[PDB]
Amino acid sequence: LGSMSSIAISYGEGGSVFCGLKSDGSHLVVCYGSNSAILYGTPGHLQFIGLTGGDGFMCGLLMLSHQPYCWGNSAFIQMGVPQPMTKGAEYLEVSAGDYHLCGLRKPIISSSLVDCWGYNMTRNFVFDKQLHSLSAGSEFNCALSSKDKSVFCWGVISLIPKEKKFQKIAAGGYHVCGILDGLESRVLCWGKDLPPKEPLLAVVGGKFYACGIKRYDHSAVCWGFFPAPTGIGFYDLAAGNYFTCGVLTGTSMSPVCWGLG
């Protein structure tokens, strides 16, 4: 689920895995969790600029080739660089849902070309707007318009006024939460506990819940159908289906994670 990030979560019957880019700045990935396919399949030497996880697989945007690269074991998508792939094709972003991956094709922060792979979404989309900030749900994918900061989703989908300006979005299972543009940076959530009024720095989406980091005290807060550790200050969050992980620092340790749903 969700957007490309320095941290990502894989979930499902195969097990739960958290992967992050090393803090030494090497752009190498380290993974922790119960999905042995993902854990032992983690590239030790391949460099990544972003990560995104789904059901049974972790994916990353390769730093050199700028192509999506997935590892693990999924019955719905293929691992490695996903086919069909155009030779020499470069991507700006990747977002992984449950059983699908979408890549923002590089034609440079934006593009109108989005390639998706997986169950009932192996499609080459050509949109009429410049898009960035890809974020994947269970059965949909979203992005922000580069021109007017409006949210656009495809793949029914709940409609939001185009006047709503967002600086960040985080797709969950069957909802999207967006941090509105401006100093207030208040969260707005829509789709198929009430969200906090306080300014948020980050937001993530689980299957039936969302979590965010409050700007003032960097404290985690969660809300939805499916709470959070209160005394901790995280610098980033990642969400799977039914659990969230936060990072305090880049010291050699397993991640701080909690279940909710």
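The first residue of the sequence shown is number 1, and the count goes up from there.
S.K.: If you count the residues of the deposited sequence that sit between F226 and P227 but have no coordinates, do you get none, 1 to 3, 4 to 9, or 10 or more?
M.R.: Count of unmodelled residues in between: 4 to 9.
S.K.: How many missing residues of the deposited sequence lie between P107 and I108 in the entry, grouped as none, 1 to 3, 4 to 9, or 10 or more?
M.R.: The entry has a gap there, with 4 to 9 residues left out between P107 and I108.
S.K.: If you average the Cα B factors in the entry, which is higher, 171 to 179 or 118 to 126?
M.R.: Comparing 118 to 126 with 171 to 179, the higher average CA B-factor belongs to 118 to 126.
S.K.: Between 140 to 148 and 91 to 99, name whichever shows the higher mean Cα B factor according to the PDB entry.
M.R.: Per the PDB record, 140 to 148.
S.K.: Taking the values straight from the PDB record, which of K197, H27, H66, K207 has the highest C-alpha temperature factor?
M.R.: That would be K197.
S.K.: When the CA B-factors of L21, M253, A239, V17 are compared as recorded in the entry, which is the largest?
M.R.: Within the set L21, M253, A239, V17, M253 shows the top C-alpha B-factor.
S.K.: Comparing against every modelled residue in the chain, figure out the third that the C-alpha B-factor of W71 lands in (lowest, middle or highest).
M.R.: Tercile = lowest for this residue's CA B-factor.
S.K.: Ordered by C-alpha B-factor within the chain, which third holds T230? Give me lowest, middle or highest, please.
M.R.: It belongs to the highest third of the chain when residues are ordered by C-alpha B-factor.
S.K.: Sorting the chain's modelled residues by C-alpha B-factor, tell me whether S185 ends up in the lowest, middle or highest third.
M.R.: Highest third.
S.K.: Would you check the entry's CA temperature factor for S135 and let me know if it's in the chain's lowest, middle or highest third?
M.R.: Within its chain, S135 is a lowest-third residue by C-alpha B-factor, going by the deposited values.
S.K.: Once the chain's modelled residues are ordered by C-alpha B factor and cut into thirds, is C257 in the lowest, middle or highest one?
M.R.: For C257, whose C-alpha B-factor we compare with every modelled residue in the chain, the answer is the middle third.
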